[PDB]
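Next up, final32.pdb (PDB, C-alpha atoms and all ligand atoms):
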```pdb
ATOM      1  CA  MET A   1     108.604  57.033  -1.230
ATOM      2  CA  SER A   2     112.401  57.847  -1.115
ATOM      3  CA  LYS A   3     114.717  56.983  -4.151
ATOM      4  CA  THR A   4     116.975  53.845  -4.070
ATOM      5  CA  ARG A   5     120.762  53.843  -4.645
ATOM      6  CA  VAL A   6     122.629  50.473  -4.428
ATOM      7  CA  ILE A   7     126.441  50.442  -4.491
ATOM      8  CA  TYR A   8     128.051  47.457  -6.276
ATOM      9  CA  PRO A   9     131.691  47.356  -5.090
ATOM     10  CA  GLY A  10     134.356  45.092  -6.726
ATOM     11  CA  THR A  11     137.900  45.098  -8.162
ATOM     12  CA  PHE A  12     136.171  44.138 -11.467
ATOM     13  CA  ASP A  13     139.584  43.003 -12.767
ATOM     14  CA  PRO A  14     138.220  42.446 -15.251
ATOM     15  CA  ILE A  15     134.416  42.754 -15.345
ATOM     16  CA  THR A  16     132.778  39.382 -16.262
ATOM     17  CA  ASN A  17     129.504  38.344 -17.928
ATOM     18  CA  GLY A  18     128.656  37.404 -14.339
ATOM     19  CA  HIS A  19     129.068  41.028 -13.089
ATOM     20  CA  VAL A  20     127.091  42.324 -16.126
ATOM     21  CA  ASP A  21     124.165  39.936 -15.309
ATOM     22  CA  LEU A  22     123.968  41.117 -11.665
ATOM     23  CA  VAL A  23     124.142  44.838 -12.563
ATOM     24  CA  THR A  24     121.399  44.492 -15.192
ATOM     25  CA  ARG A  25     119.241  42.570 -12.654
ATOM     26  CA  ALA A  26     119.927  45.230  -9.937
ATOM     27  CA  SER A  27     119.218  48.027 -12.477
ATOM     28  CA  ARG A  28     115.563  46.744 -12.569
ATOM     29  CA  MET A  29     114.706  46.873  -8.806
ATOM     30  CA  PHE A  30     116.692  49.995  -7.874
ATOM     31  CA  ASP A  31     116.582  53.631  -9.045
ATOM     32  CA  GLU A  32     120.381  54.203  -9.187
ATOM     33  CA  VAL A  33     123.056  51.427  -9.380
ATOM     34  CA  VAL A  34     126.648  52.632  -8.684
ATOM     35  CA  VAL A  35     129.240  50.147 -10.090
ATOM     36  CA  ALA A  36     131.998  51.026  -7.540
ATOM     37  CA  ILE A  37     135.537  49.942  -8.666
ATOM     38  CA  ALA A  38     137.961  49.415  -5.744
ATOM     39  CA  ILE A  39     141.266  51.124  -6.695
ATOM     40  CA  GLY A  40     142.991  48.484  -4.454
ATOM     41  CA  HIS A  41     145.726  51.044  -3.563
ATOM     42  CA  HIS A  42     147.661  48.235  -1.690
ATOM     43  CA  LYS A  43     145.988  45.223  -3.596
ATOM     44  CA  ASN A  44     147.919  44.977  -6.981
ATOM     45  CA  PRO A  45     145.268  44.489  -9.766
ATOM     46  CA  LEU A  46     146.053  43.508 -13.446
ATOM     47  CA  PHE A  47     143.979  46.289 -15.166
ATOM     48  CA  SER A  48     144.510  49.992 -14.318
ATOM     49  CA  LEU A  49     141.572  51.789 -12.648
ATOM     50  CA  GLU A  50     141.046  53.521 -16.045
ATOM     51  CA  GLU A  51     141.209  50.091 -17.883
ATOM     52  CA  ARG A  52     138.589  48.674 -15.454
ATOM     53  CA  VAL A  53     136.035  51.560 -15.437
ATOM     54  CA  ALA A  54     136.411  51.635 -19.275
ATOM     55  CA  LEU A  55     135.565  47.916 -19.717
ATOM     56  CA  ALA A  56     132.726  48.396 -17.185
ATOM     57  CA  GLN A  57     131.253  51.509 -18.971
ATOM     58  CA  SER A  58     131.711  49.699 -22.332
ATOM     59  CA  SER A  59     129.595  46.677 -21.120
ATOM     60  CA  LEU A  60     126.902  48.418 -18.925
ATOM     61  CA  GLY A  61     126.965  51.945 -20.532
ATOM     62  CA  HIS A  62     123.502  51.562 -22.173
ATOM     63  CA  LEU A  63     121.811  51.263 -18.713
ATOM     64  CA  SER A  64     120.243  54.689 -17.883
ATOM     65  CA  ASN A  65     120.503  54.325 -14.043
ATOM     66  CA  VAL A  66     124.031  52.713 -13.734
ATOM     67  CA  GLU A  67     126.911  55.052 -12.694
ATOM     68  CA  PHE A  68     130.636  54.081 -12.538
ATOM     69  CA  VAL A  69     132.991  55.510  -9.833
ATOM     70  CA  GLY A  70     136.340  54.508  -8.420
ATOM     71  CA  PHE A  71     136.744  54.518  -4.622
ATOM     72  CA  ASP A  72     139.216  53.425  -1.934
ATOM     73  CA  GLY A  73     138.727  53.597   1.825
ATOM     74  CA  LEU A  74     136.341  51.674   4.055
ATOM     75  CA  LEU A  75     133.366  50.540   1.915
ATOM     76  CA  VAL A  76     131.331  51.810   4.902
ATOM     77  CA  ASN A  77     132.521  55.426   4.392
ATOM     78  CA  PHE A  78     131.965  55.186   0.655
ATOM     79  CA  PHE A  79     128.449  53.949   1.578
ATOM     80  CA  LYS A  80     127.797  57.032   3.847
ATOM     81  CA  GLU A  81     129.320  59.452   1.214
ATOM     82  CA  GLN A  82     126.958  58.010  -1.437
ATOM     83  CA  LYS A  83     123.785  58.264   0.748
ATOM     84  CA  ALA A  84     123.354  54.630  -0.452
ATOM     85  CA  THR A  85     120.290  52.458   0.333
ATOM     86  CA  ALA A  86     122.345  49.208   0.352
ATOM     87  CA  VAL A  87     125.471  47.387  -0.922
ATOM     88  CA  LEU A  88     124.939  44.776  -3.688
ATOM     89  CA  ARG A  89     126.800  41.426  -3.536
ATOM     90  CA  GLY A  90     126.481  38.261  -5.655
ATOM     91  CA  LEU A  91     126.296  34.762  -4.123
ATOM     92  CA  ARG A  92     127.363  31.446  -5.870
ATOM     93  CA  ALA A  93     130.428  29.823  -4.144
ATOM     94  CA  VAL A  94     129.598  28.670  -0.457
ATOM     95  CA  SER A  95     132.924  30.151   0.987
ATOM     96  CA  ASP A  96     131.535  33.358  -0.614
ATOM     97  CA  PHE A  97     128.570  33.067   1.828
ATOM     98  CA  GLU A  98     130.482  32.859   5.145
ATOM     99  CA  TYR A  99     132.715  35.984   4.302
ATOM    100  CA  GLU A 100     129.708  37.935   2.886
ATOM    101  CA  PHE A 101     127.745  37.222   6.167
ATOM    102  CA  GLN A 102     130.872  38.439   8.111
ATOM    103  CA  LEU A 103     131.608  41.571   6.007
ATOM    104  CA  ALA A 104     127.828  42.396   6.222
ATOM    105  CA  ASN A 105     127.534  41.797  10.029
ATOM    106  CA  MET A 106     130.841  43.707  10.635
ATOM    107  CA  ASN A 107     130.194  46.832   8.454
ATOM    108  CA  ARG A 108     126.782  47.063  10.187
ATOM    109  CA  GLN A 109     128.612  47.496  13.546
ATOM    110  CA  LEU A 110     130.559  50.377  11.930
ATOM    111  CA  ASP A 111     127.396  52.061  10.434
ATOM    112  CA  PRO A 112     123.955  50.733  11.560
ATOM    113  CA  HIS A 113     122.266  52.144   8.388
ATOM    114  CA  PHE A 114     124.525  49.703   6.409
ATOM    115  CA  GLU A 115     122.708  47.091   4.326
ATOM    116  CA  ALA A 116     123.815  44.227   2.059
ATOM    117  CA  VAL A 117     121.355  42.792  -0.529
ATOM    118  CA  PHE A 118     122.407  39.640  -2.407
ATOM    119  CA  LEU A 119     121.617  38.312  -5.891
ATOM    120  CA  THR A 120     122.419  34.867  -7.389
ATOM    121  CA  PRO A 121     123.613  34.906 -11.042
ATOM    122  CA  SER A 122     122.067  32.719 -13.802
ATOM    123  CA  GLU A 123     123.385  29.101 -13.440
ATOM    124  CA  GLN A 124     125.407  29.874 -16.648
ATOM    125  CA  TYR A 125     127.405  32.557 -14.756
ATOM    126  CA  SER A 126     127.805  30.741 -11.406
ATOM    127  CA  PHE A 127     131.250  29.162 -12.239
ATOM    128  CA  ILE A 128     132.816  32.459 -13.525
ATOM    129  CA  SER A 129     135.362  34.195 -11.185
ATOM    130  CA  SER A 130     137.420  37.267 -12.336
ATOM    131  CA  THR A 131     140.418  35.161 -11.017
ATOM    132  CA  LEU A 132     139.745  32.060 -13.113
ATOM    133  CA  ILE A 133     139.229  34.386 -16.130
ATOM    134  CA  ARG A 134     142.666  36.096 -15.642
ATOM    135  CA  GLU A 135     144.427  32.672 -15.392
ATOM    136  CA  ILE A 136     142.724  31.316 -18.583
ATOM    137  CA  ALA A 137     143.567  34.521 -20.539
ATOM    138  CA  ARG A 138     147.066  34.464 -18.926
ATOM    139  CA  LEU A 139     147.664  31.051 -20.654
ATOM    140  CA  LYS A 140     146.442  32.231 -24.158
ATOM    141  CA  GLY A 141     143.062  30.462 -23.585
ATOM    142  CA  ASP A 142     139.704  31.629 -25.041
ATOM    143  CA  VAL A 143     137.545  33.670 -22.564
ATOM    144  CA  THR A 144     135.009  34.991 -25.138
ATOM    145  CA  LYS A 145     132.171  32.942 -23.476
ATOM    146  CA  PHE A 146     132.904  34.384 -19.971
ATOM    147  CA  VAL A 147     133.563  38.175 -20.550
ATOM    148  CA  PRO A 148     132.364  40.912 -22.916
ATOM    149  CA  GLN A 149     134.125  41.593 -26.251
ATOM    150  CA  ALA A 150     135.608  44.796 -24.796
ATOM    151  CA  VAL A 151     137.520  42.576 -22.307
ATOM    152  CA  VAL A 152     138.460  39.881 -24.825
ATOM    153  CA  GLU A 153     140.267  42.557 -26.953
ATOM    154  CA  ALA A 154     141.625  44.137 -23.692
ATOM    155  CA  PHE A 155     143.324  40.799 -22.794
ATOM    156  CA  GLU A 156     144.594  40.549 -26.454
ATOM    157  CA  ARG A 157     146.289  43.978 -25.838
ATOM    158  CA  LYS A 158     147.966  43.034 -22.532
ATOM    159  CA  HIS A 159     149.308  40.122 -24.727
ATOM    160  CA  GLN A 160     150.376  42.651 -27.476
ATOM    161  CA  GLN A 161     152.177  44.709 -24.696
ATOM    162  CA  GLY A 162     153.883  41.375 -23.523
ATOM    163  CA  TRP A 163     152.038  38.962 -21.159
TER     164      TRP A 163
HETATM  165  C1  LIG A 201     135.240  42.569  -1.318
HETATM  166  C2  LIG A 201     135.902  43.709  -2.117
HETATM  167  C3  LIG A 201     137.422  43.573  -1.894
HETATM  168  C4  LIG A 201     135.618  43.561  -3.626
HETATM  169  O1  LIG A 201     134.929  42.301  -3.964
HETATM  170  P1  LIG A 201     135.622  41.174  -4.907
HETATM  171  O2  LIG A 201     137.095  41.258  -4.658
HETATM  172  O3  LIG A 201     134.942  39.872  -4.625
HETATM  173  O4  LIG A 201     135.299  41.595  -6.443
HETATM  174  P2  LIG A 201     134.760  41.022  -7.869
HETATM  175  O5  LIG A 201     135.397  41.844  -8.944
HETATM  176  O6  LIG A 201     134.889  39.527  -8.053
HETATM  177  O7  LIG A 201     133.189  41.424  -7.793
HETATM  178  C5  LIG A 201     132.473  41.775  -6.559
HETATM  179  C6  LIG A 201     131.106  41.110  -6.417
HETATM  180  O8  LIG A 201     130.642  40.481  -7.649
HETATM  181  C7  LIG A 201     130.375  39.116  -7.416
HETATM  182  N1  LIG A 201     130.772  38.330  -8.597
HETATM  183  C8  LIG A 201     132.024  38.144  -9.261
HETATM  184  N2  LIG A 201     131.956  37.302 -10.274
HETATM  185  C9  LIG A 201     130.615  36.892 -10.263
HETATM  186  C10 LIG A 201     129.883  35.993 -11.069
HETATM  187  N3  LIG A 201     130.405  35.294 -12.072
HETATM  188  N4  LIG A 201     128.569  35.830 -10.783
HETATM  189  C11 LIG A 201     128.040  36.520  -9.761
HETATM  190  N5  LIG A 201     128.617  37.374  -8.923
HETATM  191  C12 LIG A 201     129.906  37.515  -9.246
HETATM  192  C13 LIG A 201     131.155  38.731  -6.155
HETATM  193  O9  LIG A 201     130.675  37.597  -5.459
HETATM  194  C14 LIG A 201     131.009  40.015  -5.333
HETATM  195  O10 LIG A 201     129.792  40.057  -4.588
HETATM  196  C15 LIG A 201     135.343  45.102  -1.680
HETATM  197  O11 LIG A 201     134.263  45.070  -0.731
HETATM  198  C16 LIG A 201     136.366  46.093  -1.142
HETATM  199  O12 LIG A 201     137.394  46.305  -1.779
HETATM  200  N6  LIG A 201     136.080  46.725  -0.005
HETATM  201  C17 LIG A 201     136.857  47.843   0.531
HETATM  202  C18 LIG A 201     137.792  47.438   1.667
HETATM  203  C19 LIG A 201     137.142  47.339   3.038
HETATM  204  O13 LIG A 201     136.493  48.283   3.500
HETATM  205  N7  LIG A 201     137.307  46.187   3.717
HETATM  206  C20 LIG A 201     136.866  45.969   5.088
HETATM  207  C21 LIG A 201     135.498  46.554   5.378
HETATM  208  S1  LIG A 201     134.309  46.334   4.033
HETATM  209 CL    CL A 202     129.438  40.933 -25.871
END
```
Written as structure tokens, how would this file's structure read?
Ligand SMILES: CC(C)(COP(=O)(O)OP(=O)(O)OC[C@H]1O[C@@H](n2cnc3c(N)ncnc32)[C@H](O)[C@@H]1O)[C@@H](O)C(=O)NCCC(=O)NCCS
Ligand SMILES: [Cl-]
Amino acid sequence: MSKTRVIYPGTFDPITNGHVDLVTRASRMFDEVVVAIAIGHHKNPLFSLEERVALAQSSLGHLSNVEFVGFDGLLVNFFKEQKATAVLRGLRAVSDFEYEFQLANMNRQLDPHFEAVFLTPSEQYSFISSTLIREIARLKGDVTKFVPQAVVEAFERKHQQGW
């Protein structure tokens, strides 16, 4: 018996009730879960790295075995650095599936010890994308059903600072 450490990479911009569901579910079949926020150094996200990790920690803080780190670089190197068992990914949109199968088969060429595991979210979380959430918030639309309160207020305070 070893001790399992799954990495859950994402821009998490912002974290969604979807992401929360998956991380809870992962937290039950793995010893450590690392919520790994991509800095996206050349990607251009809406929430600062600090904003994102905050909203993450706010929503999943109460889970003993969940850690939160930022990271940039190849996900493969981050994987090796973290002596990770496997990389956690969620499946729901079919176009999802073909890229996930590609990023999984490709990273494995880079590091043979590389592993993806996949979860499906609750049918109530399957339609939620960070991107759709941004665009609904962006147009002064209610996202309380789709993201944690933390994030609701956080949108209200990009609106207070303009937007
Ligand atoms: C794919 C990258 C960009 C981040 O993933 P993504 O942009 O999809 O992030 P997102 O914030 O949406 O969350 C990530 C994960 O959560 C899942 N997810 C998002 N919303 C939901 C939801 N409502 N329900 C279930 N799962 C969900 C996604 O399908 C994904 O598996 C990430 O792997 C990365 O930045 N990699 C580093 C760059 C790299 O090395 N690239 C080439 C070699 S890997
Ligand atoms: Cl909530």
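Going from atom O13 of ligand LIG 201 (chain A) to CA of residue 73 (chain A) covers 6.0 Å.
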Using the file's own x, y and z axes, so that the box edges lie along x, y and z, what centre and edge lengths in Å (one decimal) does a box around every listed atom of region 52-64 of chain A get when 8 Å is added on each side? Give it as AutoDock Vina command-line options.
```
--center_x 129.4 --center_y 50.7 --center_z -18.9 --size_x 34.3 --size_y 24.0 --size_z 22.9
```
Query raised in the report: Which residue, A:117, A:55, A:137, A:60, has the smallest gap to residue 88 (chain A) when you use only C-alpha atoms?
Result: A:117
Requested in this report: Produce as a PyMOL selection string the set of residues near ligand CL 202 (chain A), where near means within 10 Å with all atoms listed in the file considered.
Outcome: chain A and resi 17+58-59+144-152
Query raised in the report: Counting all atoms listed in the file, what residues are within 7 Å of ligand LIG 201 (chain A), given as a ChimeraX atom specification?
Result: /A:9-19,22,38,40,72-76,88-92,96,103,107,120-121,125-130
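Residue nearest residue 50 (chain A), chosen from A:29, A:100, A:62, A:68 and counting only C-alpha atoms: A:68.
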